[PDB]
Amino acid sequence: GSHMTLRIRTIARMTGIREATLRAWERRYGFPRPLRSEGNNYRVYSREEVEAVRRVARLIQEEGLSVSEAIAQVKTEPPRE
């Protein structure tokens, strides 16, 4: 009982071009935050990270500042279903 967790490989798959930004963020801020599980070369992630990330990534196609902006935004405005 709980949602399917996937890897940055899946999050990147959305357009590929994000992977340069996803791997950057790993050292640039830590978003999406790797869930505390198995995987060394690969990290695990939920749909709640993907929701924000998939937004941030498309937001980056509008200006790119959304790297720091939409991260700092989702840090101050966390998700709630």
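Residues numbered from 1 in each chain as written, not as in the entry; some residues may be left out. Heavy atoms only, no water.

(A) The arrangement of the environment of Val67 in detail. With respect to the secondary-structure elements, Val67 resides in helix α4 (residues 66-76). Sequence spacing of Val67 and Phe31 is 36 residues, and the spatial spacing of their C-alpha atoms is 9.7 Å. (Helix = DSSP H or I, 4+ residues; strand = E, 2+ residues; numbered from the N terminus.)

(B) Structural detail: the packing of helix α3 (residues 47-60) against α4. α4 packs onto α3 with a crossing angle of 150° between their chain directions and a minimal axis gap of 9 Å. In the packing of α3 onto α4, the handedness of the crossing is right-handed. Two secondary-structure elements touch here, α3 through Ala52, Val56, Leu59 and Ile60 and α4 through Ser66, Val67, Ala70, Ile71 and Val74. Classifying every residue of the contact of α3 with α4 gives eight nonpolar, one polar and no charged. (Axes fitted to C-alpha atoms, helices over the stretch in contact; angles between N-to-C directions. Left-handed = near helix turned anticlockwise from the far one by under 90°. Contact = heavy atoms within 4.5 Å. Nonpolar A, V, L, I, M, F, W, Y, C, P; charged D, E, K, R; others polar.)

(C) Seen up close, the environment of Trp25. Inspection of the secondary structure assignment puts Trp25 in helix α2 (residues 19-28). A residue is classified by how much of its surface remains accessible, and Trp25, at 1% relative accessible area, is buried. Considered as a pair, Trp25 and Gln61 are 36 residues apart in the sequence and their alpha carbons are 16 Å apart. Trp25 has contacts with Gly30, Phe31, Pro32, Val53, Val56, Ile60, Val67 and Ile71, leaving out every residue within four places of it along the chain. (Buried < 20%, exposed > 50% of the residue type's maximum accessible area, 1.4 Å probe, protein only.)

(D) Up close: the pattern of salt bridges. This structure, assessed with the given rule, holds one salt bridge. A salt bridge links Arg23 to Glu19; the nearest nitrogen and oxygen atoms lie 2.6 Å apart. Of this pair, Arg23 and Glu19 both sit in helix α2, four residues apart, roughly one helical turn. Exposure remark for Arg23: the relative accessible area of 43% places this residue in the partly exposed category. (Salt bridge = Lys/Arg side-chain N within 4 Å of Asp/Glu carboxyl O.)

(E) Main features of α3. Here α3 is 14 residues long and its end C-alpha atoms lie 19 Å apart, about the 20 Å a rise of 1.5 Å per residue gives. For α3, the set of buried residues is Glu49, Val50, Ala52, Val53, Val56 and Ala57. Those residues of α3 that are buried lie in contact with α1 (8-13), α2, β2 (44-45) and α4. (Expected span 1.5 Å × (residues − 1).)

(F) Structural context of unusual backbone geometry. Across the junction of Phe31 and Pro32, the peptide omega takes the value -15°, indicating a cis bond. Mapped onto the elements of the fold, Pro32 is located in the loop between α2 and β2.

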